[PDB]
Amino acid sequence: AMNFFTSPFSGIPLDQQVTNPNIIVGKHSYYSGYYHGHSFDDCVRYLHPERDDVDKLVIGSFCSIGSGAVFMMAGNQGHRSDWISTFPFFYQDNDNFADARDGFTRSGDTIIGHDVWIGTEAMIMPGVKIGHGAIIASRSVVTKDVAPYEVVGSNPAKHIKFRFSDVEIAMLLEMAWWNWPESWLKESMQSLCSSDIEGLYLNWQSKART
């Protein structure tokens, strides 16, 4: 068939489908895109694969990306709202447009941290940074940065809550379980599937600190 995915429940690691060199993905992060057919490359829109001078998409490890999520690249796509016209004369081929200026403006890289959950059909605008552990609700339109462990939703996306207390977020950012050795991760599965941040932090501290 045309569907890249064999099952609605099928989630395929990002690094097994990405071909665009300007998409940088960490391990284990996955995309479950059955309901939109295409692989993850086409979630990332208007990203030139051959140019090193445009905004890149960087995704950390252990991210969950729902079906049909969109990452908008290419900044303003050549449209300048502060110029007289938003029409991209520079990029349509008409000899009457020869003296046009190039209206393309970059927005900066889009950076998704570790352990980020992106709900189905959410749209990430250009240049957005999403902190570790954040949650983007389904159908969000994310127009500005999202803090670590922050939950946002709506269009434009706005703050809903933080997943944990400030001291709990500080502990998680210090211990950075996503960067632990494979052996530590495997040994920690039961703890990571729980709310026991303090226990895991104290356990990590005795093992990793000196």
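Note that residue numbering begins at 1 and tracks the sequence as displayed.
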Mean C-alpha B-factor comparison - 46-54 and 139-147, higher one: 46-54
Per the entry, higher mean C-alpha B factor between 103-111 and 87-95: 87-95
Record-listed C-alpha B factor of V70: chain third: lowest
Within-chain third of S39 by Cα B-factor, per the entry: middle
Assigned third (lowest, middle, highest) for the C-alpha B factor of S183: highest
Third of the chain, ranked by Cα B-factor, where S165 sits: highest
Ranked against its chain, the third holding the CA B-factor of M171: highest
